[PDB]
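Let us start with two forms of the same protein chain, each given on its own as C-alpha cells and named structure 1 and structure 2.
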Structure 1
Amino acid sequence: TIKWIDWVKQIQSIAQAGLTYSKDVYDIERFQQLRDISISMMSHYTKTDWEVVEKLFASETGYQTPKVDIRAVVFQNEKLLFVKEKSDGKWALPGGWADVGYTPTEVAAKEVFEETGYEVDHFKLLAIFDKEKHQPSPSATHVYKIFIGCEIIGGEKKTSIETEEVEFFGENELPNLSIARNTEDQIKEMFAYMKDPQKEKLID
C-alpha cells in the first residue's frame, strides 16, 4: 500500500536507461537530473544519506533489470539443507547474489561449497519467484530468486566465520527463517517438488 516507492523505482530505472542509450547531450543531462531527483526523494523519505542512497539505488550501468538471487535446494532423507548466519542468527537455503561472470549453476555450486563445505552437481531448474509479489516490506530493489536443485557428490560439512551452523530440517521442524533470504511459502513449494519432482515448475 506504499505506492510512492514503486513510482520512484520506475523513475530511476528510466533515468538509467536514458543515461545508457541516449546520444542527445540535452536528453542525457535530463536523465541525470531525473536520476538525481530519484536519489533526493529516496534520501529524504527513508532518512538515509544522499550519497549512500546513490551507491545503493542509482549506481548501476546499462538497462536496469531485477537483480538475481540463487537458492540451492538440497535434500537428504527428505530433509532440506539450511545454513545459519552467525551475525543475524537466522536460517536460509545456501545461496546469495549471482556474481557477474558466473552461470546460475556455478553460483549455486560456489555458494553451497563456501557456506556448507559440500561439493554439488546434477542441477535441476526448480522455480523463479518474484521477491516483490506478496513481499512483507517495501523494497528499494527488485529481485528474481532462481531455485536450483542440486545433489551432494562430495566434500564434508564445514562452518565458517559467516556460517555458524549447517543442518538438514524436515517440513515439520523448520528453523527460524531469514524471510529476506527465503519465505515460508518458497520452502513449502520446495517440499512439494521433493514429494512430486515431475510437478510443473513455479514461475511468478
Structure 2
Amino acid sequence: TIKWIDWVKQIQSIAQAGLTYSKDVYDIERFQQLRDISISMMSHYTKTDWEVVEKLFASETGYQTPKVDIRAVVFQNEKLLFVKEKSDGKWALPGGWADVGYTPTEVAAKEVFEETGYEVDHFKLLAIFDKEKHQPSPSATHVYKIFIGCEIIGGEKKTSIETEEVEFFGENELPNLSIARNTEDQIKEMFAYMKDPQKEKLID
C-alpha cells in the first residue's frame, strides 16, 4: 500500500498552515515538530536524504495549495500545436509550471514563444483539470492544470535538424503523448472545444 503518501502530505500541509497562521509560541512549536516528523517519514519511506526532503517537500512559506501547471491550446487549420521534450521523446502542448510574478495568460504567452517561437494573444479559458485525477502517479505534490486557448498573431515556428520537435497534429494523427503533461481525453476535449467553442468549459 502507498496510502501513506497522502497522509504524510496532509500532515505537512496542516503543519505548514499552522506555522503561517498560529500566533501562539507553543503551538507554532508543535506545528514545527509536526513538520519535521513529516519530513522524517517522507525521507525514510522514499529513501531520500533528510535535507533534500526538507528542501523539496517542506520549504514553502504560507498556506500549502496545489501547484499550477499551464497548457496552451493553439490551433492552425484544424491541427493542434505540440512540442516533444528532452526527457520523454513524447509530445506535449506548450507549457509548464506557472511562474510567480506572471498571470496565467502571461505564462501561456512565454511558454509558446519559448517552446515554439510563435507569438500569441486573444486568450480563452478552456478548462482546469486536476492532474492527480487524470494523470495519476505517486507524487509528493498536487497539480492543477489550466488550459488556455491562444491565437497566433506573429512569430515563426521553430526549426530542427534530424529531429522533428515542433509540429501541429490533426485529430486522427496524434503523436505519442506525454501522459503526465496531457492525457488523450484532455487532448480530445480541446478538439471538442474546437468543433464547438461555446460548450461547457470543464472543471474537475
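Structure 1 provides the reference sequence; residues are numbered from 1 along it. Each form is matched to the other, and the largest set of C-alpha atoms that superpose within 1.5 Å is called the rigid core.
**Q** Which is the one residue in 106, 88, 99, 114 whose C-alpha moves 2 Å or more between structure 1 and structure 2, relative to the superposed rigid core?
**A** Looking at each option in turn, only one qualifies, and it is 88.
**Q** Answer yes if the Cα of residue 64 shifts by 2 angstroms or more between structure 1 and structure 2 on a rigid-core superposition, and no otherwise.
**A** Shift of 2 Å or more: no.
**Q** Can a Cα shift of no less than 2 Å be assigned to residue 136 between structure 1 and structure 2, given superposition on the rigid core?
**A** Yes, because once the rigid core is superposed, the C-alpha of residue 136 moves 2 Å or more between structure 1 and structure 2.
**Q** How about residue 151 - superposed on the rigid core, does its CA move between structure 1 and structure 2 by 2 Å or more?
**A** No, residue 151 moves less than 2 Å.
**Q** To one decimal place, what C-alpha displacement in Å is found for residue 168 between structure 1 and structure 2 with the rigid core superposed?
**A** Rounded to one decimal, the shift is 0.5 Å.
**Q** Superpose the two forms on the rigid core and tell me the Cα shift of residue 23 between structure 1 and structure 2 in angstrom.
**A** Its C-alpha position differs by 1.3 Å.
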